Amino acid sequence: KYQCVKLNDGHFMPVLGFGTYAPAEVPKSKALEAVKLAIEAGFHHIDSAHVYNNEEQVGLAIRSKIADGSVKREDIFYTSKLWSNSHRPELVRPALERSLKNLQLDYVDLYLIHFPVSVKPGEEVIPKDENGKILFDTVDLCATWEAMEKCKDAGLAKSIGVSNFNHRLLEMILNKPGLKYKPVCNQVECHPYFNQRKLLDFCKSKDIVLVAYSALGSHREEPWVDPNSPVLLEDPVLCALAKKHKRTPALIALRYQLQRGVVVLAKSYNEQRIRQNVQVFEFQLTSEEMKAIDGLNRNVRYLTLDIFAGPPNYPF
């Protein structure tokens, strides 16, 4: 047994997810070892994506811990994500099947539209022209959602959702004539310096779960993150609350999310910290502590993907 939340399609999502993205210069082998350790530590939710270029390794970890008798496939909740070069409806299923082939799994638990801006089809995840301009594409995301809906009916994705969507883009889907399946979730940046209260309230009102990424203040990887942004985990209120609970600022930041009804991801390729992060189920924060963490909020968005700014669907 482990702590899960019922999703709006009646499937269940473990409330603590293991993030698998590392910058490109971390060797891909380390994804294989970290996922296994994560499973061993008690993570039942594993978050990946096509664009992370680690689905072979993360799929191997998963198949390995199933085959060795440590866990059943039914007790692993695996997420993949549809990259922006496969938004065209006819390219949706093939992208999911490519992911499944790379993973050697029969199905994904959750398939998300990764980012609402589209780019030109082909093998390249960031297609550029000769002068280095990104090759944007024009795709109706409602059609992409219909093709997502079909992957669910094919049983290739048990649930479907979205990531990096804003209010307008969510509403666009929710109001679609003939809508068959709401997004079960909206995976977005969420932490004590960017707490997403408004967007969180909105998703609650539609029974969409907010899934928090960069919950620990991000991989901080340049140039995607401004090195002058403050380091979340160095916050004195978070460090004071850690100290007081004999926990860590990480655990405080994760517990905060669980208690406000957010599903929280946490990446780590360090054995010690992987095991530490599951301790988020061993303590609780009082109302006064929670309000304290609320007060940290400051509109610090770490991650903007601003190479994809300009088109109308850019969400930020």
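Basically, rigid core = biggest C-alpha set you can superpose within 1.5 Å across the two forms. A residue's number is simply how far along the shown sequence it sits, counting from 1.
A.B. asks: Do the Cα atoms of 97 to 105 stray more than those of 128 to 136 in 7 other deposited structures of this protein, or is it the other way round, with the core held fixed?
C.D. replies: The more displaced stretch in 7 other deposited structures of this protein turns out to be 128 to 136.
A.B. asks: Pick between 264 to 272 and 26 to 34: the one whose mean CA B-factor in the entry is higher.
C.D. replies: So the stretch with the higher mean C-alpha B-factor is 26 to 34.
A.B. asks: With respect to the recorded C-alpha B factors, which stretch has the higher mean value, 195 to 203 or 125 to 133?
C.D. replies: If you average the C-alpha B-factors of 195 to 203 and of 125 to 133, the larger mean comes out for 195 to 203.
A.B. asks: Looking at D109, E234, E74, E146, which has the highest Cα B-factor in the entry?
C.D. replies: Of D109, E234, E74, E146, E234 has the highest C-alpha B-factor.
A.B. asks: Which one, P183, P94, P227, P116, has the peak C-alpha temperature factor per the PDB entry?
C.D. replies: Each of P183, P94, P227, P116 was compared by C-alpha B-factor; the highest is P227.
A.B. asks: Thinking about Cα B factors across the chain, which third does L16 belong to?
C.D. replies: As the PDB entry reports it, the C-alpha B-factor of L16 lands in the lowest third of its chain.
A.B. asks: Comparing against every modelled residue in the chain, figure out the third that the C-alpha B-factor of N164 lands in (lowest, middle or highest).
C.D. replies: Middle third, going by the recorded CA B-factors of the chain.
A.B. asks: Consider only the C-alpha atoms of the modelled residues in this chain, order them by B-factor as the entry records it, and name the third containing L251: lowest, middle or highest.
C.D. replies: For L251, the deposited C-alpha B-factor lands in the lowest third.
A.B. asks: Sorting the chain's CA B-factors, does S84 end up in the lowest, middle or highest third?
C.D. replies: Lowest third of the chain for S84's C-alpha B-factor.
A.B. asks: Sorting the chain's modelled residues by C-alpha B-factor, tell me whether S99 ends up in the lowest, middle or highest third.
C.D. replies: For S99, the deposited C-alpha B-factor lands in the lowest third.
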